[PDB]
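Take a look at the structure set out below.
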Amino acid sequence: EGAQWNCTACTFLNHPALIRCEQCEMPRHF
Amino acid sequence: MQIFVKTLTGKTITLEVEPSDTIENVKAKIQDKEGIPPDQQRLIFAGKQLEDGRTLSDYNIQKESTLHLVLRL
Amino acid sequence: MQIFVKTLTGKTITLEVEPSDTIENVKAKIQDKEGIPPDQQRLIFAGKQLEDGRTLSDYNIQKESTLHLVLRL
Ligand SMILES: [Zn+2]
């Protein structure tokens, strides 16, 4: 639940507090 | 210098800051623009959560950088 | 050497580069081929945002690697 997560659109490794990618704004929970 | 702050809703905030400014200063500037209490703000840059007592220069935040604002509850 | 540059629409561009090219050199080649200014380009590889002064080899980017191009503006 506290892990970082990779965006499935651009691969960026995101902080768990974001639910959209910091680079491309793709939602995590598509 | 100008920096930008993006929220989950797509709102963009522009702030006037110096690189020596602390993160707590930045949160208070966000309150002035948006009305969100600082204790309900979480700031993210480059995959990292920013800590109140550190400065923008500590995180290599430069002119025209964009920060992401999240809210607590 | 060929690498692939993938946009958010899924379009994959094939780009000719040298393995020792810097990221700034690669952004210049994307400008030459696509017409996008380097300041509007953000490149991501295997989780990392790529920094202008480092080489492709320094990130372990090699023949037929894919970089992800995000437009930032
Ligand atoms: Zn992304």
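If each Cα of the protein assembly as shown is one equal point scatterer, what is log10 of I(q)/I(0) from the Debye formula at q = 0.08, 0.09, 0.12 Å⁻¹?
The Debye formula, applied to the Cα set alone, gives -0.28, -0.35, -0.61.
For the range C:1-52 and the range B:29-63, what is the centre-to-centre distance using only Cα atoms, to the nearest Å?
The distance from the Cα centre of the range C:1-52 to that of the range B:29-63 comes to 30 Å.
So if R0 is 45 Å, what FRET efficiency would residue C:28 and residue B:36 give, r being the distance between their Cβ atoms, rounded to the nearest 0.05?
Working: r = 41 Å, r/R0 = 0.90.
That gives a FRET efficiency of 0.65.
Label point 7 Å out from residue C:71 along Cα-to-Cβ: which residues of the range C:1-18 have amide N under 19 Å?
C:5-15
Less than 10 Å Cβ to Cβ from residue B:6, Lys/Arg counted +1 and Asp/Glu -1: what total charge do the surrounding residues give?
Summing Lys/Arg as +1 and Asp/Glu as -1 gives 0.
So, counting K/R as plus one and D/E as minus one, what does the shell of residues with Cβ under 14 Å around residue B:25 add up to?
Within the 14 Å Cβ shell, the charges total -4.
Placing the label point 7 Å from Cα along the Cα-to-Cβ direction, what are the distances from residue C:71 to the equivalent spots in the other copies, shortest first, in nm to one decimal?
Here the equivalent label points are 3.1 nm apart from this one.
How high is the relative contact order of chain B, in percent, with contacts defined as C-alpha pairs under 8 Å that are six or more residues apart?
Numbers: 118 pairs, mean separation 30.3, N = 73.
Averaging sequence separation for qualifying contacts and normalising by length gives 42 percent for chain B.
With N residues in chain C, what two-decimal value do you get for its Cα radius of gyration over 2.2 N^0.38 Å? Show your work: numbers first, answer last.
On the way: Rg = 10.8 Å, N = 73, 2.2 N^0.38 = 11.2 Å.
So the Cα radius of gyration is 0.96 times the expected 2.2 N^0.38 Å.
With the crude spin-label approximation of a point 7 Å out along Cα→Cβ, what separation in nm comes out for residue C:60 versus residue B:9?
Placing both labels 7 Å along Cα→Cβ, they lie 4.2 nm apart.
So how tilted is helix B:23-34 from the main axis of chain B? Cα-based, degrees 0 to 90, rounded to 10.
40
Positions of Cβ are backbone-derived with ideal geometry, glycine not excepted, and every protein chain shown enters the neighbour counts. All of the numbers you see were taken from the coordinates with simple rules; none came from a lab.
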